[PDB]
>>> print(open('entry_26.tsv').read())   # TSV, N, CA and C atoms
chain	number	residue	atom	x	y	z
A	55	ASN	N	160.50	148.63	167.88
A	55	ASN	CA	161.71	148.40	167.11
A	55	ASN	C	162.75	147.67	167.95
A	56	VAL	N	162.79	147.96	169.25
A	56	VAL	CA	163.70	147.24	170.15
A	56	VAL	C	163.26	145.80	170.29
A	57	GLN	N	161.95	145.56	170.37
A	57	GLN	CA	161.46	144.19	170.46
A	57	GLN	C	161.67	143.45	169.15
A	58	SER	N	161.49	144.13	168.02
A	58	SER	CA	161.69	143.48	166.73
A	58	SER	C	163.14	143.04	166.57
A	59	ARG	N	164.08	143.91	166.91
A	59	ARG	CA	165.49	143.53	166.86
A	59	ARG	C	165.78	142.41	167.85
A	60	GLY	N	165.23	142.49	169.06
A	60	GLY	CA	165.46	141.45	170.04
A	60	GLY	C	164.90	140.11	169.60
A	61	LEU	N	163.84	140.14	168.79
A	61	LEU	CA	163.27	138.90	168.27
A	61	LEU	C	164.13	138.34	167.14
A	62	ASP	N	164.78	139.22	166.38
A	62	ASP	CA	165.73	138.76	165.38
A	62	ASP	C	166.90	138.04	166.04
A	63	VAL	N	167.43	138.62	167.12
A	63	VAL	CA	168.51	137.99	167.86
A	63	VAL	C	168.01	136.72	168.53
A	64	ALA	N	166.77	136.74	169.02
A	64	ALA	CA	166.23	135.57	169.71
A	64	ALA	C	166.11	134.38	168.77
A	65	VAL	N	165.73	134.63	167.51
A	65	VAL	CA	165.65	133.54	166.54
A	65	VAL	C	167.04	133.00	166.24
A	66	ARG	N	168.03	133.89	166.17
A	66	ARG	CA	169.41	133.44	166.00
A	66	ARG	C	169.86	132.60	167.18
A	67	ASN	N	169.46	132.98	168.39
A	67	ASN	CA	169.89	132.26	169.58
A	67	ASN	C	169.21	130.91	169.69
A	68	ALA	N	167.95	130.82	169.26
A	68	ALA	CA	167.27	129.53	169.25
A	68	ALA	C	167.87	128.61	168.21
A	69	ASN	N	168.31	129.17	167.08
A	69	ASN	CA	168.97	128.36	166.06
A	69	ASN	C	170.32	127.84	166.56
A	70	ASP	N	171.07	128.67	167.28
A	70	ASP	CA	172.35	128.22	167.82
A	70	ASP	C	172.14	127.11	168.84
A	71	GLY	N	171.12	127.23	169.69
A	71	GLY	CA	170.81	126.16	170.61
A	71	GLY	C	170.26	124.94	169.91
A	72	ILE	N	169.67	125.14	168.73
A	72	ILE	CA	169.24	124.01	167.91
A	72	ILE	C	170.46	123.28	167.37
A	73	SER	N	171.51	124.02	167.01
A	73	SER	CA	172.69	123.41	166.43
A	73	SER	C	173.48	122.62	167.46
A	74	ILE	N	173.60	123.14	168.68
A	74	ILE	CA	174.34	122.42	169.71
A	74	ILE	C	173.60	121.13	170.07
A	75	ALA	N	172.27	121.19	170.12
A	75	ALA	CA	171.49	119.98	170.36
A	75	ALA	C	171.62	119.01	169.19
A	76	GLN	N	171.70	119.54	167.97
A	76	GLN	CA	171.84	118.67	166.80
A	76	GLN	C	173.19	117.96	166.80
A	77	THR	N	174.27	118.71	167.02
A	77	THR	CA	175.60	118.12	166.99
A	77	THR	C	175.75	117.08	168.08
A	78	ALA	N	175.23	117.37	169.27
A	78	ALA	CA	175.30	116.40	170.36
A	78	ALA	C	174.56	115.12	169.98
A	79	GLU	N	173.32	115.25	169.51
A	79	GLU	CA	172.54	114.06	169.18
A	79	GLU	C	173.21	113.24	168.09
A	80	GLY	N	173.85	113.90	167.13
A	80	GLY	CA	174.59	113.16	166.11
A	80	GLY	C	175.72	112.35	166.70
A	81	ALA	N	176.44	112.92	167.67
A	81	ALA	CA	177.49	112.17	168.34
A	81	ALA	C	176.92	110.99	169.11
A	82	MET	N	175.81	111.19	169.81
A	82	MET	CA	175.14	110.07	170.47
A	82	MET	C	174.69	109.01	169.48
A	83	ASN	N	174.50	109.38	168.21
A	83	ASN	CA	174.09	108.40	167.22
A	83	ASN	C	175.14	107.31	167.07
A	84	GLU	N	176.42	107.70	167.02
A	84	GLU	CA	177.49	106.72	166.91
A	84	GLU	C	177.78	106.05	168.24
A	85	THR	N	177.44	106.70	169.36
A	85	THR	CA	177.54	106.04	170.65
A	85	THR	C	176.57	104.87	170.73
A	86	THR	N	175.37	105.04	170.17
A	86	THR	CA	174.41	103.94	170.11
A	86	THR	C	174.90	102.83	169.19
A	87	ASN	N	175.44	103.20	168.03
A	87	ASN	CA	175.91	102.19	167.09
A	87	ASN	C	177.07	101.39	167.66
A	88	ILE	N	177.98	102.06	168.37
A	88	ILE	CA	179.11	101.36	168.97
A	88	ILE	C	178.64	100.46	170.10
A	89	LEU	N	177.73	100.95	170.94
A	89	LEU	CA	177.26	100.16	172.07
A	89	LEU	C	176.55	98.90	171.60
A	90	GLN	N	175.74	99.01	170.55
A	90	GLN	CA	175.06	97.83	170.02
A	90	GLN	C	176.07	96.82	169.51
A	91	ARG	N	177.14	97.29	168.88
A	91	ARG	CA	178.17	96.37	168.39
A	91	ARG	C	178.82	95.63	169.54
A	92	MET	N	179.07	96.32	170.66
A	92	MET	CA	179.62	95.64	171.83
A	92	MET	C	178.65	94.59	172.35
A	93	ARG	N	177.35	94.88	172.30
A	93	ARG	CA	176.36	93.94	172.81
A	93	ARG	C	176.33	92.67	171.97
A	94	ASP	N	176.41	92.80	170.65
A	94	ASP	CA	176.44	91.62	169.79
A	94	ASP	C	177.70	90.80	170.05
A	95	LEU	N	178.83	91.46	170.26
A	95	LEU	CA	180.07	90.75	170.55
A	95	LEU	C	180.01	90.10	171.92
A	96	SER	N	179.24	90.68	172.84
A	96	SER	CA	179.11	90.09	174.17
A	96	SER	C	178.27	88.83	174.13
A	97	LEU	N	177.18	88.84	173.36
A	97	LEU	CA	176.38	87.64	173.19
A	97	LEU	C	177.18	86.54	172.52
A	98	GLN	N	177.94	86.89	171.48
A	98	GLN	CA	178.77	85.90	170.80
A	98	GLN	C	179.82	85.33	171.74
A	99	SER	N	180.41	86.18	172.58
A	99	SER	CA	181.45	85.72	173.49
A	99	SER	C	180.89	84.92	174.66
A	100	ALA	N	179.59	85.03	174.93
A	100	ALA	CA	178.99	84.26	176.01
A	100	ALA	C	178.68	82.82	175.61
A	101	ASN	N	178.74	82.50	174.32
A	101	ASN	CA	178.44	81.15	173.87
A	101	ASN	C	179.43	80.17	174.47
A	102	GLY	N	178.93	79.00	174.86
A	102	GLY	CA	179.80	77.98	175.42
A	102	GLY	C	180.72	77.33	174.42
A	103	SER	N	180.40	77.42	173.13
A	103	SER	CA	181.28	76.85	172.11
A	103	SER	C	182.63	77.54	172.09
A	104	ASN	N	182.65	78.85	172.36
A	104	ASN	CA	183.89	79.60	172.30
A	104	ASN	C	184.89	79.08	173.31
A	105	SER	N	186.15	79.06	172.90
A	105	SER	CA	187.28	78.77	173.77
A	105	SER	C	187.89	80.10	174.22
A	106	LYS	N	189.06	80.01	174.86
A	106	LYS	CA	189.64	81.20	175.47
A	106	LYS	C	190.35	82.07	174.44
A	107	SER	N	190.92	81.46	173.41
A	107	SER	CA	191.63	82.23	172.39
A	107	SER	C	190.68	83.18	171.67
A	108	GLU	N	189.49	82.70	171.32
A	108	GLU	CA	188.54	83.55	170.60
A	108	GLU	C	187.85	84.54	171.53
B	55	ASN	N	155.34	200.42	168.50
B	55	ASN	CA	156.57	200.19	167.76
B	55	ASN	C	157.57	199.41	168.61
B	56	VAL	N	157.60	199.68	169.91
B	56	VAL	CA	158.49	198.95	170.81
B	56	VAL	C	158.06	197.50	170.91
B	57	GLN	N	156.75	197.25	170.95
B	57	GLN	CA	156.28	195.87	171.01
B	57	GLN	C	156.50	195.15	169.70
B	58	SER	N	156.41	195.86	168.57
B	58	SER	CA	156.64	195.23	167.28
B	58	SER	C	158.09	194.78	167.14
B	59	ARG	N	159.03	195.63	167.56
B	59	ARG	CA	160.43	195.25	167.52
B	59	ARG	C	160.72	194.14	168.53
B	60	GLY	N	160.16	194.25	169.73
B	60	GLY	CA	160.39	193.22	170.73
B	60	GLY	C	159.78	191.89	170.34
B	61	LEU	N	158.72	191.92	169.53
B	61	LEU	CA	158.14	190.69	169.03
B	61	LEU	C	158.99	190.09	167.93
B	62	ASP	N	159.64	190.93	167.13
B	62	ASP	CA	160.57	190.43	166.12
B	62	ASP	C	161.76	189.74	166.78
B	63	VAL	N	162.30	190.35	167.84
B	63	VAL	CA	163.38	189.72	168.59
B	63	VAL	C	162.87	188.45	169.26
B	64	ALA	N	161.63	188.47	169.74
B	64	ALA	CA	161.08	187.31	170.43
B	64	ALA	C	161.00	186.11	169.51
B	65	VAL	N	160.67	186.33	168.23
B	65	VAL	CA	160.65	185.22	167.28
B	65	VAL	C	162.06	184.69	167.05
B	66	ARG	N	163.05	185.59	167.03
B	66	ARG	CA	164.43	185.16	166.89
B	66	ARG	C	164.86	184.31	168.08
B	67	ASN	N	164.45	184.69	169.29
B	67	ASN	CA	164.82	183.93	170.48
B	67	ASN	C	164.09	182.60	170.52
B	68	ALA	N	162.85	182.56	170.05
B	68	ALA	CA	162.11	181.31	170.00
B	68	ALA	C	162.73	180.37	168.98
B	69	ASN	N	163.22	180.92	167.86
B	69	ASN	CA	163.85	180.09	166.84
B	69	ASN	C	165.19	179.55	167.33
B	70	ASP	N	165.95	180.36	168.06
B	70	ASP	CA	167.21	179.88	168.62
B	70	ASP	C	166.97	178.76	169.62
B	71	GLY	N	165.93	178.89	170.44
B	71	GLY	CA	165.56	177.80	171.32
B	71	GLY	C	165.17	176.56	170.55
B	72	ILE	N	164.50	176.74	169.41
B	72	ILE	CA	164.18	175.61	168.55
B	72	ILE	C	165.46	174.97	168.03
B	73	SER	N	166.46	175.78	167.69
B	73	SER	CA	167.69	175.25	167.13
B	73	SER	C	168.44	174.41	168.15
B	74	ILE	N	168.56	174.91	169.38
B	74	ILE	CA	169.30	174.19	170.41
B	74	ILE	C	168.59	172.89	170.76
B	75	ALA	N	167.27	172.94	170.92
B	75	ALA	CA	166.52	171.73	171.23
B	75	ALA	C	166.59	170.73	170.08
B	76	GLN	N	166.61	171.23	168.84
B	76	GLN	CA	166.69	170.35	167.69
B	76	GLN	C	168.03	169.63	167.64
B	77	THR	N	169.13	170.37	167.83
B	77	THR	CA	170.45	169.76	167.79
B	77	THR	C	170.61	168.74	168.91
B	78	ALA	N	170.19	169.09	170.12
B	78	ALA	CA	170.31	168.17	171.24
B	78	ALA	C	169.52	166.89	170.99
B	79	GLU	N	168.40	167.00	170.27
B	79	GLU	CA	167.61	165.81	169.97
B	79	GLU	C	168.24	164.98	168.86
B	80	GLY	N	168.88	165.62	167.89
B	80	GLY	CA	169.58	164.87	166.87
B	80	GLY	C	170.72	164.05	167.44
B	81	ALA	N	171.45	164.61	168.40
B	81	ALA	CA	172.49	163.86	169.08
B	81	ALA	C	171.91	162.69	169.85
B	82	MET	N	170.79	162.90	170.55
B	82	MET	CA	170.15	161.81	171.26
B	82	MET	C	169.57	160.77	170.31
B	83	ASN	N	169.40	161.12	169.03
B	83	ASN	CA	168.95	160.14	168.05
B	83	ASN	C	170.00	159.04	167.88
B	84	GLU	N	171.27	159.43	167.84
B	84	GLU	CA	172.34	158.44	167.73
B	84	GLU	C	172.60	157.75	169.05
B	85	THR	N	172.36	158.43	170.17
B	85	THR	CA	172.46	157.76	171.46
B	85	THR	C	171.47	156.61	171.56
B	86	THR	N	170.30	156.78	170.95
B	86	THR	CA	169.32	155.69	170.93
B	86	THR	C	169.79	154.55	170.05
B	87	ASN	N	170.34	154.86	168.88
B	87	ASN	CA	170.79	153.81	167.97
B	87	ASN	C	171.95	153.03	168.56
B	88	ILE	N	172.85	153.71	169.26
B	88	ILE	CA	173.99	153.04	169.87
B	88	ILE	C	173.54	152.15	171.01
B	89	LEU	N	172.56	152.61	171.79
B	89	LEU	CA	172.07	151.82	172.91
B	89	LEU	C	171.31	150.59	172.43
B	90	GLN	N	170.55	150.73	171.34
B	90	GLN	CA	169.85	149.58	170.79
B	90	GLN	C	170.82	148.53	170.29
B	91	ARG	N	171.90	148.96	169.64
B	91	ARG	CA	172.92	148.02	169.20
B	91	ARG	C	173.56	147.32	170.40
B	92	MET	N	173.85	148.07	171.46
B	92	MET	CA	174.41	147.47	172.66
B	92	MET	C	173.47	146.43	173.24
B	93	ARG	N	172.16	146.62	173.06
B	93	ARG	CA	171.19	145.68	173.59
B	93	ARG	C	171.13	144.41	172.74
B	94	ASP	N	171.31	144.54	171.43
B	94	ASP	CA	171.39	143.36	170.57
B	94	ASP	C	172.62	142.52	170.90
B	95	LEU	N	173.75	143.18	171.16
B	95	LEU	CA	174.96	142.45	171.50
B	95	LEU	C	174.82	141.75	172.84
B	96	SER	N	174.16	142.40	173.81
B	96	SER	CA	173.97	141.78	175.11
B	96	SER	C	173.09	140.54	175.01
B	97	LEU	N	172.03	140.61	174.20
B	97	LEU	CA	171.17	139.45	174.01
B	97	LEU	C	171.94	138.30	173.36
B	98	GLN	N	172.77	138.62	172.37
B	98	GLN	CA	173.57	137.59	171.72
B	98	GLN	C	174.58	136.98	172.68
B	99	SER	N	175.15	137.80	173.57
B	99	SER	CA	176.16	137.30	174.49
B	99	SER	C	175.55	136.46	175.60
B	100	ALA	N	174.30	136.74	175.98
B	100	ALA	CA	173.64	135.96	177.02
B	100	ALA	C	173.36	134.53	176.60
B	101	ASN	N	173.45	134.23	175.31
B	101	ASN	CA	173.22	132.87	174.83
B	101	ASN	C	174.26	131.92	175.40
B	102	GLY	N	173.86	130.66	175.58
B	102	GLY	CA	174.76	129.67	176.13
B	102	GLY	C	175.71	129.05	175.13
B	103	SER	N	175.41	129.16	173.83
B	103	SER	CA	176.30	128.60	172.82
B	103	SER	C	177.64	129.32	172.79
B	104	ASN	N	177.69	130.56	173.26
B	104	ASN	CA	178.93	131.32	173.24
B	104	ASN	C	179.94	130.74	174.22
B	105	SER	N	181.21	130.85	173.87
B	105	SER	CA	182.31	130.57	174.76
B	105	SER	C	182.87	131.89	175.28
B	106	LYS	N	183.84	131.82	176.18
B	106	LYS	CA	184.44	133.04	176.69
B	106	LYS	C	185.01	133.90	175.56
B	107	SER	N	185.46	133.27	174.48
B	107	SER	CA	186.07	134.02	173.39
B	107	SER	C	185.05	134.93	172.71
B	108	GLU	N	183.86	134.41	172.42
B	108	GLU	CA	182.84	135.23	171.77
B	108	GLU	C	182.35	136.33	172.70
>>> encode(input="entry_26.tsv", output="structure tokens")
Amino acid sequence: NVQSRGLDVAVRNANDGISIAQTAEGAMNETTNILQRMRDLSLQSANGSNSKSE
Amino acid sequence: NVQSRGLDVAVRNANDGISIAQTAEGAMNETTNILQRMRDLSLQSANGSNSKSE
């Protein structure tokens, strides 16, 4: 009965660690989207056609 | 006749010993339930998702 209760808590604890990993990965999702946008703007800005104003 | 009376008293003393042992065990029944709950809380607190507040 002590092990059964401890396994109930253990499943709750694995779910909580699942949630922290989920929330973090979701935040990294927008970090990837933002970084890719910077990369496209960097390629565009490297073109020789561009002047200094743009 | 003396042994018959002393045996009647002996059953009374055996029953009183049963009563005391029974009560002491009923109290230890709740000591077990309280300790098991304390163990569930400790397992939950050992999780890393918790902050100092929890």
>>> interface_residues(input="entry_26.tsv", of="chain B", to="chain A", cutoff="6.5 Å", atoms="only N, CA and C atoms", output="PyMOL selection string")
chain B and resi 94+97-98+101+103
>>> atom_distance(input="entry_26.tsv", atom1="CA of residue 108 in chain A", atom2="CA of residue 83 in chain A")
28.9 Å
>>> atom_distance(input="entry_26.tsv", atom1="atom C of residue 106 in chain B", atom2="atom C of residue 85 in chain B")
26.7 Å
>>> select_by_dssp(input="entry_26.tsv", residues="chain A", states="alpha helix (DSSP H)", output="PyMOL selection string")
chain A and resi 56-100
>>> write_last_selection(input="entry_26.tsv", atoms="N, CA and C atoms", output="short mmCIF file (atom, residue, chain, number, x, y, z; two decimals), in the frame of the given file")
data_model
loop_
_atom_site.label_atom_id
_atom_site.label_comp_id
_atom_site.auth_asym_id
_atom_site.auth_seq_id
_atom_site.Cartn_x
_atom_site.Cartn_y
_atom_site.Cartn_z
N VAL A 56 162.79 147.96 169.25
CA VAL A 56 163.70 147.24 170.15
C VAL A 56 163.26 145.80 170.29
N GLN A 57 161.95 145.56 170.37
CA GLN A 57 161.46 144.19 170.46
C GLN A 57 161.67 143.45 169.15
N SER A 58 161.49 144.13 168.02
CA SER A 58 161.69 143.48 166.73
C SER A 58 163.14 143.04 166.57
N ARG A 59 164.08 143.91 166.91
CA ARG A 59 165.49 143.53 166.86
C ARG A 59 165.78 142.41 167.85
N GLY A 60 165.23 142.49 169.06
CA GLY A 60 165.46 141.45 170.04
C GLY A 60 164.90 140.11 169.60
N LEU A 61 163.84 140.14 168.79
CA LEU A 61 163.27 138.90 168.27
C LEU A 61 164.13 138.34 167.14
N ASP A 62 164.78 139.22 166.38
CA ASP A 62 165.73 138.76 165.38
C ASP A 62 166.90 138.04 166.04
N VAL A 63 167.43 138.62 167.12
CA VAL A 63 168.51 137.99 167.86
C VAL A 63 168.01 136.72 168.53
N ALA A 64 166.77 136.74 169.02
CA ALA A 64 166.23 135.57 169.71
C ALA A 64 166.11 134.38 168.77
N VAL A 65 165.73 134.63 167.51
CA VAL A 65 165.65 133.54 166.54
C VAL A 65 167.04 133.00 166.24
N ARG A 66 168.03 133.89 166.17
CA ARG A 66 169.41 133.44 166.00
C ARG A 66 169.86 132.60 167.18
N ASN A 67 169.46 132.98 168.39
CA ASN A 67 169.89 132.26 169.58
C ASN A 67 169.21 130.91 169.69
N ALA A 68 167.95 130.82 169.26
CA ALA A 68 167.27 129.53 169.25
C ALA A 68 167.87 128.61 168.21
N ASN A 69 168.31 129.17 167.08
CA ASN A 69 168.97 128.36 166.06
C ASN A 69 170.32 127.84 166.56
N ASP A 70 171.07 128.67 167.28
CA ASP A 70 172.35 128.22 167.82
C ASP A 70 172.14 127.11 168.84
N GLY A 71 171.12 127.23 169.69
CA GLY A 71 170.81 126.16 170.61
C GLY A 71 170.26 124.94 169.91
N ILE A 72 169.67 125.14 168.73
CA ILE A 72 169.24 124.01 167.91
C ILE A 72 170.46 123.28 167.37
N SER A 73 171.51 124.02 167.01
CA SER A 73 172.69 123.41 166.43
C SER A 73 173.48 122.62 167.46
N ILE A 74 173.60 123.14 168.68
CA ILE A 74 174.34 122.42 169.71
C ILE A 74 173.60 121.13 170.07
N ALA A 75 172.27 121.19 170.12
CA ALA A 75 171.49 119.98 170.36
C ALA A 75 171.62 119.01 169.19
N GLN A 76 171.70 119.54 167.97
CA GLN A 76 171.84 118.67 166.80
C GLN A 76 173.19 117.96 166.80
N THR A 77 174.27 118.71 167.02
CA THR A 77 175.60 118.12 166.99
C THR A 77 175.75 117.08 168.08
N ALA A 78 175.23 117.37 169.27
CA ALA A 78 175.30 116.40 170.36
C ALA A 78 174.56 115.12 169.98
N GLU A 79 173.32 115.25 169.51
CA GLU A 79 172.54 114.06 169.18
C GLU A 79 173.21 113.24 168.09
N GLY A 80 173.85 113.90 167.13
CA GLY A 80 174.59 113.16 166.11
C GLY A 80 175.72 112.35 166.70
N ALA A 81 176.44 112.92 167.67
CA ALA A 81 177.49 112.17 168.34
C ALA A 81 176.92 110.99 169.11
N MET A 82 175.81 111.19 169.81
CA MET A 82 175.14 110.07 170.47
C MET A 82 174.69 109.01 169.48
N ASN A 83 174.50 109.38 168.21
CA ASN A 83 174.09 108.40 167.22
C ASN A 83 175.14 107.31 167.07
N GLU A 84 176.42 107.70 167.02
CA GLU A 84 177.49 106.72 166.91
C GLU A 84 177.78 106.05 168.24
N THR A 85 177.44 106.70 169.36
CA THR A 85 177.54 106.04 170.65
C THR A 85 176.57 104.87 170.73
N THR A 86 175.37 105.04 170.17
CA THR A 86 174.41 103.94 170.11
C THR A 86 174.90 102.83 169.19
N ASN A 87 175.44 103.20 168.03
CA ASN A 87 175.91 102.19 167.09
C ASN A 87 177.07 101.39 167.66
N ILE A 88 177.98 102.06 168.37
CA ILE A 88 179.11 101.36 168.97
C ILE A 88 178.64 100.46 170.10
N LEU A 89 177.73 100.95 170.94
CA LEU A 89 177.26 100.16 172.07
C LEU A 89 176.55 98.90 171.60
N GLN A 90 175.74 99.01 170.55
CA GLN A 90 175.06 97.83 170.02
C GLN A 90 176.07 96.82 169.51
N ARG A 91 177.14 97.29 168.88
CA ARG A 91 178.17 96.37 168.39
C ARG A 91 178.82 95.63 169.54
N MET A 92 179.07 96.32 170.66
CA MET A 92 179.62 95.64 171.83
C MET A 92 178.65 94.59 172.35
N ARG A 93 177.35 94.88 172.30
CA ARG A 93 176.36 93.94 172.81
C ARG A 93 176.33 92.67 171.97
N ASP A 94 176.41 92.80 170.65
CA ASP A 94 176.44 91.62 169.79
C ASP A 94 177.70 90.80 170.05
N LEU A 95 178.83 91.46 170.26
CA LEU A 95 180.07 90.75 170.55
C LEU A 95 180.01 90.10 171.92
N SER A 96 179.24 90.68 172.84
CA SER A 96 179.11 90.09 174.17
C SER A 96 178.27 88.83 174.13
N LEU A 97 177.18 88.84 173.36
CA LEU A 97 176.38 87.64 173.19
C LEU A 97 177.18 86.54 172.52
N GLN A 98 177.94 86.89 171.48
CA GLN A 98 178.77 85.90 170.80
C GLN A 98 179.82 85.33 171.74
N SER A 99 180.41 86.18 172.58
CA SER A 99 181.45 85.72 173.49
C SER A 99 180.89 84.92 174.66
N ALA A 100 179.59 85.03 174.93
CA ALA A 100 178.99 84.26 176.01
C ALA A 100 178.68 82.82 175.61
#
>>> atom_distance(input="entry_26.tsv", atom1="atom C of residue 102 in chain B", atom2="CA of residue 87 in chain A")
28.0 Å
>>> decode(input="entry_26.tsv", residues="range 57-81 of chain A", atoms="N, CA and C atoms", output="PDB file, in the first residue's frame")
ATOM      1  N   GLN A  57       3.869   1.361  -1.384  1.00  0.00           N
ATOM      2  CA  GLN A  57       4.406   1.436  -2.737  1.00  0.00           C
ATOM      3  C   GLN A  57       3.346   1.905  -3.721  1.00  0.00           C
ATOM      4  N   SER A  58       2.102   1.460  -3.543  1.00  0.00           N
ATOM      5  CA  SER A  58       1.035   1.878  -4.445  1.00  0.00           C
ATOM      6  C   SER A  58       0.810   3.380  -4.360  1.00  0.00           C
ATOM      7  N   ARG A  59       0.767   3.919  -3.141  1.00  0.00           N
ATOM      8  CA  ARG A  59       0.644   5.362  -2.980  1.00  0.00           C
ATOM      9  C   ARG A  59       1.858   6.079  -3.549  1.00  0.00           C
ATOM     10  N   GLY A  60       3.054   5.550  -3.295  1.00  0.00           N
ATOM     11  CA  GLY A  60       4.254   6.177  -3.821  1.00  0.00           C
ATOM     12  C   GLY A  60       4.289   6.175  -5.335  1.00  0.00           C
ATOM     13  N   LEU A  61       3.652   5.179  -5.953  1.00  0.00           N
ATOM     14  CA  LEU A  61       3.586   5.130  -7.409  1.00  0.00           C
ATOM     15  C   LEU A  61       2.558   6.118  -7.939  1.00  0.00           C
ATOM     16  N   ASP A  62       1.496   6.367  -7.172  1.00  0.00           N
ATOM     17  CA  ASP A  62       0.549   7.413  -7.540  1.00  0.00           C
ATOM     18  C   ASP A  62       1.227   8.775  -7.535  1.00  0.00           C
ATOM     19  N   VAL A  63       2.021   9.048  -6.498  1.00  0.00           N
ATOM     20  CA  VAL A  63       2.759  10.304  -6.432  1.00  0.00           C
ATOM     21  C   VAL A  63       3.825  10.345  -7.514  1.00  0.00           C
ATOM     22  N   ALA A  64       4.445   9.200  -7.799  1.00  0.00           N
ATOM     23  CA  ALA A  64       5.502   9.159  -8.802  1.00  0.00           C
ATOM     24  C   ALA A  64       4.963   9.496 -10.183  1.00  0.00           C
ATOM     25  N   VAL A  65       3.752   9.036 -10.498  1.00  0.00           N
ATOM     26  CA  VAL A  65       3.145   9.366 -11.783  1.00  0.00           C
ATOM     27  C   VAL A  65       2.830  10.853 -11.847  1.00  0.00           C
ATOM     28  N   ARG A  66       2.380  11.427 -10.730  1.00  0.00           N
ATOM     29  CA  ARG A  66       2.162  12.868 -10.677  1.00  0.00           C
ATOM     30  C   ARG A  66       3.464  13.624 -10.884  1.00  0.00           C
ATOM     31  N   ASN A  67       4.557  13.121 -10.310  1.00  0.00           N
ATOM     32  CA  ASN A  67       5.833  13.816 -10.412  1.00  0.00           C
ATOM     33  C   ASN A  67       6.408  13.713 -11.816  1.00  0.00           C
ATOM     34  N   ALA A  68       6.191  12.582 -12.487  1.00  0.00           N
ATOM     35  CA  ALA A  68       6.642  12.449 -13.865  1.00  0.00           C
ATOM     36  C   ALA A  68       5.835  13.350 -14.784  1.00  0.00           C
ATOM     37  N   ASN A  69       4.547  13.523 -14.484  1.00  0.00           N
ATOM     38  CA  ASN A  69       3.719  14.429 -15.269  1.00  0.00           C
ATOM     39  C   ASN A  69       4.159  15.876 -15.085  1.00  0.00           C
ATOM     40  N   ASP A  70       4.504  16.262 -13.855  1.00  0.00           N
ATOM     41  CA  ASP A  70       4.985  17.618 -13.618  1.00  0.00           C
ATOM     42  C   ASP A  70       6.293  17.872 -14.352  1.00  0.00           C
ATOM     43  N   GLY A  71       7.197  16.894 -14.348  1.00  0.00           N
ATOM     44  CA  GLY A  71       8.422  17.040 -15.114  1.00  0.00           C
ATOM     45  C   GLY A  71       8.170  16.992 -16.607  1.00  0.00           C
ATOM     46  N   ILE A  72       7.073  16.353 -17.012  1.00  0.00           N
ATOM     47  CA  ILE A  72       6.668  16.386 -18.413  1.00  0.00           C
ATOM     48  C   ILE A  72       6.206  17.785 -18.786  1.00  0.00           C
ATOM     49  N   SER A  73       5.518  18.459 -17.863  1.00  0.00           N
ATOM     50  CA  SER A  73       4.976  19.779 -18.155  1.00  0.00           C
ATOM     51  C   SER A  73       6.075  20.827 -18.240  1.00  0.00           C
ATOM     52  N   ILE A  74       7.068  20.754 -17.355  1.00  0.00           N
ATOM     53  CA  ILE A  74       8.161  21.722 -17.395  1.00  0.00           C
ATOM     54  C   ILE A  74       8.964  21.549 -18.677  1.00  0.00           C
ATOM     55  N   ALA A  75       9.164  20.301 -19.098  1.00  0.00           N
ATOM     56  CA  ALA A  75       9.838  20.050 -20.365  1.00  0.00           C
ATOM     57  C   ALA A  75       8.990  20.525 -21.536  1.00  0.00           C
ATOM     58  N   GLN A  76       7.669  20.387 -21.427  1.00  0.00           N
ATOM     59  CA  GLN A  76       6.785  20.833 -22.498  1.00  0.00           C
ATOM     60  C   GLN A  76       6.807  22.348 -22.633  1.00  0.00           C
ATOM     61  N   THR A  77       6.657  23.061 -21.515  1.00  0.00           N
ATOM     62  CA  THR A  77       6.623  24.517 -21.560  1.00  0.00           C
ATOM     63  C   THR A  77       7.939  25.073 -22.075  1.00  0.00           C
ATOM     64  N   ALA A  78       9.057  24.495 -21.640  1.00  0.00           N
ATOM     65  CA  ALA A  78      10.351  24.947 -22.129  1.00  0.00           C
ATOM     66  C   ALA A  78      10.453  24.756 -23.635  1.00  0.00           C
ATOM     67  N   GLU A  79      10.136  23.556 -24.122  1.00  0.00           N
ATOM     68  CA  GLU A  79      10.263  23.289 -25.550  1.00  0.00           C
ATOM     69  C   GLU A  79       9.374  24.216 -26.368  1.00  0.00           C
ATOM     70  N   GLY A  80       8.183  24.534 -25.860  1.00  0.00           N
ATOM     71  CA  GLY A  80       7.330  25.484 -26.553  1.00  0.00           C
ATOM     72  C   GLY A  80       7.972  26.851 -26.673  1.00  0.00           C
ATOM     73  N   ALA A  81       8.632  27.307 -25.607  1.00  0.00           N
ATOM     74  CA  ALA A  81       9.342  28.578 -25.670  1.00  0.00           C
ATOM     75  C   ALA A  81      10.482  28.521 -26.677  1.00  0.00           C
TER      76      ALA A  81
END
